[PDB]
Amino acid sequence: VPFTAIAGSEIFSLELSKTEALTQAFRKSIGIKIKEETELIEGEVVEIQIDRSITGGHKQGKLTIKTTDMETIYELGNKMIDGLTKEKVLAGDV
Amino acid sequence: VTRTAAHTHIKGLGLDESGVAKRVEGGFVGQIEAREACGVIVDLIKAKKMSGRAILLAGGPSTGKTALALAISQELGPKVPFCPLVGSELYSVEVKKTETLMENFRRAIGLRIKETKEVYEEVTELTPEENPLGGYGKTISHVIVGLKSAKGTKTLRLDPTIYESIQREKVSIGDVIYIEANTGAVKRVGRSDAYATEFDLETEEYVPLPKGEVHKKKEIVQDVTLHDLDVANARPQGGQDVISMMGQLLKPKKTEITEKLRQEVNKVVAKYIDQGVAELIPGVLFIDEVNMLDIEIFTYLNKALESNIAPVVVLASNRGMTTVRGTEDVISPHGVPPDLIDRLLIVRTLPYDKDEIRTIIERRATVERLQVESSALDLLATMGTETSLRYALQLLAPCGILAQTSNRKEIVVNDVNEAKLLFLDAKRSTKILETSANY
Amino acid sequence: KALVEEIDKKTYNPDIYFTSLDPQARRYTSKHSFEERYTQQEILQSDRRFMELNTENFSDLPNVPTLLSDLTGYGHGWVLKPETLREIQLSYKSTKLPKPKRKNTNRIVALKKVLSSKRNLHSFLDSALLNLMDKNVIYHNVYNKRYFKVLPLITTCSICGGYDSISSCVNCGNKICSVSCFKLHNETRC
Ligand SMILES: Nc1ncnc2c1ncn2[C@@H]1O[C@H](COP(=O)(O)OP(=O)(O)O)[C@@H](O)[C@H]1O
Ligand SMILES: [Zn+2]
Ligand SMILES: [Zn+2]
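Residues numbered from 1 in each chain as written, not as in the entry; some residues may be left out. Chains lettered and ligands numbered in written order. Part of a larger assembly, values for the part shown. Heavy atoms only, no water. Residues with missing side-chain atoms left out of burial classes, pairs and counts.

As stated in the entry header, the method of structure determination is cryo-EM and the reported resolution is 4.4 Å.

In structure tokens form, the structure reads like this:
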């Protein structure tokens, strides 16, 4: 339950009017939590293979994600290759 | 998971054709004259027959002006526009307040427009191929593009601009589109489910296969006011080069609307309504705490009420023989100058009574889903009659808190007196602050 | 991304990124009709499995060679048994009119030579009772030419029937969803 504990002296500003400041405070005092049903693919991805864009199969990109529970391989759909390495990281990354 | 704040206990004036009111109905009890006048006014409003009507009501705090305003707003339905904003919001920063008042008048008046549109949608097959007929390199102007959809496939070629739209969407052969033929551009549903599963993972959504016949046709009806059109026309909507991205990244500010734009929008809306596209409805304007306005507004409204498109406004001042804010000697009843009151009439909103106040408290208990005993209800109502109903209204909920902490579902005299002790009122503070050494 | 971040022009190919912890120390490889998708050995295997699916029990379980020869061009020894044929002369003892109403012609003899002919479709292929093109217009008159898929594939779970949380095996390449099924997949399916 976040609060708004601010003295009323600094209501004046050179970027927000009194009405805008009061409206901002009122709308900040009332919050909303949001639940999003996001997904995951966890597990040790021991290798990241990126095959060429073959005509029959547009991406044969192997990548072996496996947790402690099981051993498994996967496949990249010509969109996630740079998703791994937006920042330069290696395989084996959860 | 509910919140009732001094309202949601009101749902209508509760009248009939013959102007007969109901003593307890729609969250309103009493006020026969006020309810009759409000019913007559809203009946006049519903006919859309006039513009610029005005009225001032004399009502003290807690007498029921805001309740009447909310009830009248709900009388016309959600679709009829309304914008009752605080009287202190006029004094803005980035735009002169008379321009803001014109903007609100522009917002208030309503309209209902419509448009019928067609659209085509995965891609069955694809065959691309006119002559330059001169020194030009070539002339590409037709490509057969597939259109899968679900209920039947109808491939068709159009202007090449649709083809470049296909490349713009970057859709593959197994990709579904949604191409409204009115513009020839592409709206992307996403990828398809048939030529899908080419890989175990895909960040791009597979997207459900489109349902229905490909040559989709529909009609849309939207009720949009004119100020949205003005602000949409003011700023650019497209662009590809630096100007568009910098302007959109730039933060627009509130400006002054030119009257030539008013003439233009009136002309185009008249042209569209004459084709049957749009139908006309007036608006409703309300301002509370009006007596704090200055004399310049109080005298500009003298001519602003003569505007031929200005909808019906309602004027609400609670004070009495007061000078208009910023007037050295212009003192008037309710802080509104006589040369302005010579353009409208006066209603009297009066406070409530004993049985009226006790029924108000009981109904507030009902909407707050709490049970009230006769003794506590009568004590609350009585001390409201001496001083103020709002005291009992704001004591109801903490008394329910005390009852819950006492593991009971009723208010007893103990709870109301405990709330009285732990929570004072204005009257008890009128005789206690003077004996304070520390301010 | 991190603007003007550390990079030494090491690969950075948008469609090439190979790394590992070195348990094998290798790198990436380099150097709508089913008849134009896969080869013929696996479709032959699937047809053999389907022809076994034709076989219902011990009666037809060893009949697979006959079915294979038909397709490619006391349990099954024909319906001739005296415990079936020679007994049926008394099985209709409820009522019947079995009488000889027929002259003596080669049709009457064919009533008996073809009766227990010990003849099959395979013998039909090996005999001249029908010409060569009749078996072709019996076989080819059924099979299609090119239409093999016009709606997508399902790829159901092999053992269970799950629809989500699906995943393939490391080296067997068989569809499955539950990791519980993997316990028997790596034992009988992989
Ligand atoms: N006649 C009435 N019947 C029922 N409730 C009323 C009546 N008049 C006022 N109230 C209630 O009193 C509360 C406060 O009224 P308020 O808006 O302060 O009146 P005013 O606008 O005259 O100051 C409102 O939430 C309203 O529900
Ligand atoms: Zn399974
Ligand atoms: Zn396996």
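### Quick look at the overall build of chain C
A count of helices and strands for chain C gives seven helices and two strands. Overall, the C-alpha framework of chain C stretches about 105 × 40 × 30 Å when taken along its three principal axes. (Helix = DSSP H or I, 4+ residues; strand = E, 2+ residues; numbered from the N terminus.)

### Some points on the coordination of the zinc ion (ligand 2)
Residue and element names in this part refer to chain C. At the metal site, the zinc ion (ligand 2) is ligated by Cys157 (SG), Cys160 (SG) and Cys181 (SG), and these contacts range over 2.3 Å. Sequence positions of the donors to the zinc ion (ligand 2) reduce to the motif C-x2-C-x20-C. Pair noted here: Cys160 is in the loop between α6 (132-139) and β1 (167-168) and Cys181 is in helix α7 (residues 179-189), with a separation of 21 residues, a long-range link. The buried category is assigned to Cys181, whose relative accessible area is 7%. (Donors = N, O, S within 2.8 Å, 3.2 Å for Na, K, Ca; no water. Buried < 20%, exposed > 50% of the residue type's maximum accessible area, 1.4 Å probe, protein only.)

### Brief notes about the environment of B:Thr66
Note that B:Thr66 resides in helix α2 (residues 65-75). Note on B:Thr66: relative accessible area 44%, which makes it partly exposed.

### Structural notes on the site of ligand 1
Residues and elements named next belong to chain B. Taken together, 19 residues lie around ligand 1, and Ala6, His9, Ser62, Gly64 and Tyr352 are the ones closest in. For ligand 1, an oxygen atom lies 2.4 Å from a polar atom in the backbone of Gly64. Among the elements of the structure, β2 (28-29), α2 and α10 (354-367) are those that each provide at least two residues to the shell around ligand 1. For the shell around ligand 1, the per-class residue count stands at seven nonpolar, nine polar and three charged. (Near = heavy atom within 4 Å. Polar contact = N/O pair within 3.5 Å; in protein donor to acceptor, adjacent residues only side chain to side chain. Nonpolar A, V, L, I, M, F, W, Y, C, P; charged D, E, K, R; others polar.)

### Brief notes about the sheet that holds strand β2 (residues 61-66) of chain A
Residue and element names in this part refer to chain A. Across the sheet, three strands lie side by side as β1-β2-β3; this open sheet has antiparallel pairing. Sheet topology places β1 (44-48) and β3 (74-76) at the edges, where each strand pairs with a single neighbour. Across the sheet, the axes of successive neighbouring strands diverge by a mean angle of 30 degrees, strand direction being ignored. Relative to β2, β1 runs antiparallel, the two being bridged by three bridges. Paired with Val45 across the bridge in β2 is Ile65. (Pairing = 2+ DSSP bridges. Axes fitted to C-alpha atoms, helices over the stretch in contact; angles between N-to-C directions.)

### Some remarks on the sheet that holds strand β12 (residues 284-288) of chain B
To summarise the sheet geometry, strands pair through backbone hydrogen bonds and adopt either a parallel or an antiparallel arrangement. All names here are of chain B. The strand order β4-β12-β13-β3-β16 describes an open sheet built from five strands, whose pairing is parallel. Both outer strands of the open sheet, β4 (85-86) and β16 (345-349), are each paired with one neighbouring strand and no more. One ladder, built from three bridges, connects strand β3 (residues 55-59) with strand β13 (residues 312-317); its direction is parallel. Of the residues in β13, the one forming a bridge with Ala58 is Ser317.

### A few points about the interface of chain C and chain A
Listed per partner, the contact involves 22 residues of chain C and 21 residues of chain A. Looking at the side of chain C that touches chain A, the elements with two or more residues in it are β1 and α7 of chain C. In terms of residue class, the side of chain C that touches chain A is built from 11 nonpolar, six polar and five charged. (Contact = heavy atoms within 4.5 Å.)

### Some words on the UniProt feature "binding site: Zn(2+) 1" in chain C
Residue and element names in this part refer to chain C. UniProt's feature table lists "binding site: Zn(2+) 1" at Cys157, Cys160, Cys177 and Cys181, given in the numbering used throughout. The greatest C-alpha distance among the residues just named is 9.4 Å, despite their covering 25 residues of sequence, which places them together in space. Those residues within four positions of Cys160 in sequence are excluded, and the remaining contacts are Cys177, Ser178 and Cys181. When you line up the elements, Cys177 lands in the loop between β2 (175-176) and α7. Classification of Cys177 as buried rests on a relative accessible area of 10%. Excluding its chain neighbours within four sequence positions, the residues that come into contact with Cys177 are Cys157, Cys160, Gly162, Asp164, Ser165, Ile166 and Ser167. (UniProt positions renumbered as here; feature names shortened; annotations may be inferred.)

### Observations regarding the pairing of strand β9 (residues 187-191) of chain B
Residues and elements named next belong to chain B. In this sheet, β9 lies alongside strand β8 (residues 175-180) in antiparallel orientation, the contact comprising three bridges. Each bridged residue has a counterpart across the sheet, and for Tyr178 the counterpart in β9 is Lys187. Between β8 and β9, which follow one another and run antiparallel, lie six residues, and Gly184 among them has a positive phi close to 80 degrees.

### Concerning the packing of helix α12 (residues 389-405) of chain B against helix α13 (residues 413-422) of chain B
Residue and element names in this part refer to chain B. Close contact between α12 and α13 brings their axes to 9 Å; oriented N to C, the two are set at 115 degrees. One way to sum up the angle between α12 and α13 is to call them roughly perpendicular. Once α12 is placed against α13, the crossing between them reads as right-handed. Side by side, α12 and α13 meet where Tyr391, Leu395, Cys399, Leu402 and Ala403 of the first sit next to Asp415, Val416, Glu418, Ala419 and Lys420 of the second. Grouping the constituent residues of the contact of α12 with α13 by class yields seven nonpolar, no polar and three charged. (Parallel < 35°, antiparallel > 145°, perpendicular 65-115°, else oblique. Left-handed = near helix turned anticlockwise from the far one by under 90°.)

### Observations concerning the coordination of the zinc ion (ligand 3)
All names here are of chain C. With distances of 2.1 to 2.3 Å, the protein atoms coordinating the zinc ion (ligand 3) are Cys169 (SG), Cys172 (SG), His185 (NE2) and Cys190 (SG). Because the angles between the four donor atoms bound to the zinc ion (ligand 3) fall within 60 to 151 degrees, the donor set is best described as irregular. Of note, the zinc ion (ligand 3) draws all its donor residues from one chain, in the sequence arrangement C-x2-C-x12-H-x4-C. You can call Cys169 buried: its relative accessible area is 7%. (Tetrahedral: all angles 85-135°; square planar, octahedral: opposite > 155°, others 65-115°.)

### Examining the pattern of salt bridges
All names here are of chain B. Counting across every chain of the model gives 16 salt bridges over all chains. In this structure, the salt-bridge partner of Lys79 is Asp223, at a minimum N-O distance of 3.9 Å. Note that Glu368 and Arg364 form a salt bridge whose closest N and O atoms lie 3.7 Å from each other. Here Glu368 falls in the partly exposed class, since its relative accessible area comes to 29%. Through salt bridges with shared partners, one network takes in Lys96, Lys97 and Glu296. (Salt bridge = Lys/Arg side-chain N within 4 Å of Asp/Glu carboxyl O.)

### Let's talk about the packing of aromatic side chains
This structure, assessed with the given rule, holds one aromatic pair over all chains. Taking the centre distance of 5.5 Å and the plane angle of 75 degrees together, the rings of C:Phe34 and C:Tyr38 count as edge-to-face. Among the residues examined, C:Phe34 registers a relative accessible area of 37% and is labelled partly exposed. Taking the relative accessible area as the measure of exposure, C:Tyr38 reaches 57% and is therefore exposed. A cation sits over an aromatic face here: B:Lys148 above B:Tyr195, 4.7 Å from the ring centre. (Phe/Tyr/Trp six-rings, centres within 6.5 Å; stacked < 30°, edge-to-face > 60°. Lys NZ or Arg CZ within 6 Å of the ring centre and 35° of its normal.)

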